[PDB]
């Protein structure tokens, strides 16, 4: 629909991103950080597509603070900020790696540079694999491993990950064809570890999924609120940490989870605890070139 909305989300996400890079100074508490970003996005004119992700070093992604996290930045950390905005369901998913209180290095360069290459070739008509390979070369020609299980994704109205991915590697059969009006989030992750990530507890981000009559009353209602307040967008436990006792909240979520009403999206950590750089922009696949909502 309104390409302007995909643009607005993109525009907000840009500004907020920029500012986050700034608040990203040593000792800065992750929790303050997130809150600021979310409310900014808010007062700026839009709701978040998903809770800001502030992932540090080996924590690949899927990490968001919660009312209680004492964690603060530390000089030399590889902080990764992945933000997403949405105007009525039109997402903008951008992200950047900041070496806390320091300047970028070869790793960070590899991810950024990679990401860039992908854009230069995206244009209606090309097969996904081309971006894939592009990304792979930049990362590997710099001696770095690209992650093989975290990757770009195609966005759709009120659907963050709509089905088609954009690997950071070259898989010879990825032959989906970038159509016109296509909206894609390109996001190469680079690492010095093995190049793969595993899920490790706790589960901070969750996803609403399906109506499933639950017996335990409270749970059911917790869900109902969920339905109506977040929708199809993934949300944070931190976002509900005050709508009921920390204790009783848990179960409700679990029961909801053990019921398949909502899916939990645990923290993603590089297998051999390798540093993880990352940059992501969102694009709209046009005929001869792509427009970057988050430029």
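Positions refer to the first chain, counted from 1. Throughout, rigid core stands for the largest set of C-alpha atoms superposing within 1.5 Å between the two forms.
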Review point. Line up the rigid core: which moves more in 4 other deposited structures of this protein, 78-86 or 207-215, by C-alpha RMS?
Key: 207-215
**Study point:** Of 181-189 and 102-110, the stretch whose C-alpha atoms average the higher B-factor in the entry
**Key:** 102-110
Review point. If you average the CA temperature factors over each stretch, which comes out higher, 198-206 or 163-171?
Key: 198-206
Study note, to complete from the structure: From 50, 63, 66, 265, the top C-alpha temperature factor is at 66
Practice item. Using the entry's values, work out which of 59, 44, 236, 261 has the largest Cα B factor. Key: 44
Check your understanding: If you rank the chain by CA B-factor, which third does residue 72 end up in: lowest, middle or highest?
Key -> highest
Study note, to complete from the structure: Assert third(CA B-factor, residue 16) within chain per record equals middle
Study note, to complete from the structure: Entry-reported C-alpha B-factor of residue 9 relative to its chain, by third, is middle
Review point. Which third, lowest, middle or highest, does the CA B-factor of residue 215 fall in along this chain?
Key: highest
Study note, to complete from the structure: In terms of its chain's C-alpha B-factors, the third that includes residue 228 is the highest
